[PDB]
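Engineer: The structure that follows is given in the form of structure tokens.
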């Protein structure tokens, strides 16, 4: 089973947040600011969930993907425009299913841990494959540029779940693609999916290089 938490929800217009990342979320909507205030009132805990359609201004629960993350609001400060900049530390995958009627989005959702890697030796091999593929991916990417610290961090990650999520964070993949990664709670399947996307992209980059 999984812990079930009742938290406010921030709907993300066109981004997917992965666990093991700390990122700024700029929110302009009143209901989103309300959700942040409510999360501050109860240990900073919040759910973040991508919208299916970035154009929806006041999403119903149904307008949001099922999978998101449970996070901690580490900081929230106003920018010069009304904008609230929220620093979110994403901690865990969440299946955010059961919403509560009210003046902002609030839901009960199941939060997932990682469990011990099951086939440990297979997972260790996939970790090595992922690190090698990621180095090539960044080296051959025509738009994405990581500094030495970001690359070092991926190479130096020994936690397979953190590795896969960090790669997925950096990679230029669509909302749908990152949602597919979020929903893979099985570690081996998640590692293989991320490896698969990297490998496909490496082949695509070679094709784009030829045709240009």
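Please note: Cβ atoms are built from the backbone with ideal geometry, for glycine as well, and neighbour counts cover all protein chains shown. All of this is worked out from the model, or read from it or from the source named; no laboratory read-out is quoted.
Engineer: Among the listed residues 97, 22, identify the single one that is touching a residue at least 60 places away in the same chain (Cβ under 8 Å), assigned to a strand (DSSP E or B) and surrounded by fewer than 17 Cβ atoms within 10 Å (Cβ to Cβ).
Structural biologist: Going through 97, 22 in turn, just one is touching a residue at least 60 places away in the same chain (Cβ under 8 Å), assigned to a strand (DSSP E or B) and surrounded by fewer than 17 Cβ atoms within 10 Å (Cβ to Cβ): 22.
Engineer: List the pairs whose first member sits in the range 148-162 and is more than 20 Å from residue 124 (Cβ to Cβ), whose second member is not in a loop (DSSP other than H, G, I, E, B), and whose Cβ atoms are under 8 Å apart, counting only residues at least 6 apart or on separate chains?
Structural biologist: 150/170; 151/135; 151/138
Engineer: Quick check, is residue 87 exposed (fewer than 11 other Cβ atoms within 10 Å of the Cβ) and assigned to a strand (DSSP E or B)?
Structural biologist: Considered against the rule, which asks whether it is exposed (fewer than 11 other Cβ atoms within 10 Å of the Cβ) and assigned to a strand (DSSP E or B), residue 87 comes out as no.
Engineer: Before we move on, is residue 110 under 21 Å from the mean Cα position of the chain (by Cα) and either part of a strand (DSSP E or B) or surrounded by fewer than 18 Cβ atoms within 10 Å (Cβ to Cβ) (or both)?
Structural biologist: yes
Engineer: Go through the residues of the range 37-45 one by one and say whether even a single one is part of a strand (DSSP E or B), touching a residue at least 24 places away in the same chain (Cβ under 8 Å), outside the structural domain of residue 181 (by CATH) and in contact with a strand residue (DSSP E or B) (Cβ under 6 Å, 6 or more places away or on another chain).
Structural biologist: yes
Engineer: Can you go through 93, 106 and tell me which one is closer than 14 Å to residue 161 by Cα, in contact with a helix residue (DSSP H, G or I) (Cβ under 8 Å, 6 or more places away or on another chain) and not assigned by CATH to the domain that holds residue 150?
Structural biologist: 93 is the lone residue from the list that is closer than 14 Å to residue 161 by Cα, in contact with a helix residue (DSSP H, G or I) (Cβ under 8 Å, 6 or more places away or on another chain) and not assigned by CATH to the domain that holds residue 150.
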